[PDB]
């Protein structure tokens, strides 16, 4: 099990990848985003990281656009103090990859397809979710208009 580095400070993984404490400390990670409703905050009692949980299920009606600005402010906090951030969910990495792509669209000014081809090249196994794709497509259209 390994942690996929999208950007040098932004990391994508799953339930199994987030339980490796030695690797996360070797990568200078201090922030963790859990994009699930039921997974525990791993290594919480150890007091090593800053946690933010985005309660979401892997359904065809779940809303992830509501969590974008909340997750961006948490990423910019890690970027501002030089620490890395790990965002994860489950095996399909659908929910966590949706947020990673949305970040690349806003602060890197990439298009959705280019940001998807970028993430897919680093983590090849991404389960598709048409609901989240429609939210990224509408979010891409709001970035091109000013929302």
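Positions refer to the first chain, counted from 1.
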- Could you settle it for me: does 13-21 or 132-140 have the higher average Cα B factor in the PDB entry? 13-21
- Going by the entry, of stretches 118-126 and 93-101 the one with greater average Cα B-factor is 118-126
- Per the deposited entry, the peak Cα B-factor within the set 64, 81, 39, 85 goes to 81
- Message: Is residue 27 in the lowest, middle or highest third of its chain when residues are ranked by C-alpha B-factor?
- Response: middle
- Message: Going by the CA temperature factor in the PDB record, which third of the chain does residue 49 belong to: lowest, middle or highest?
- Response: lowest
- Message: Based on the deposited C-alpha B factors for this chain, I'd like to know if residue 110 is in the lowest, middle or highest third.
- Response: highest
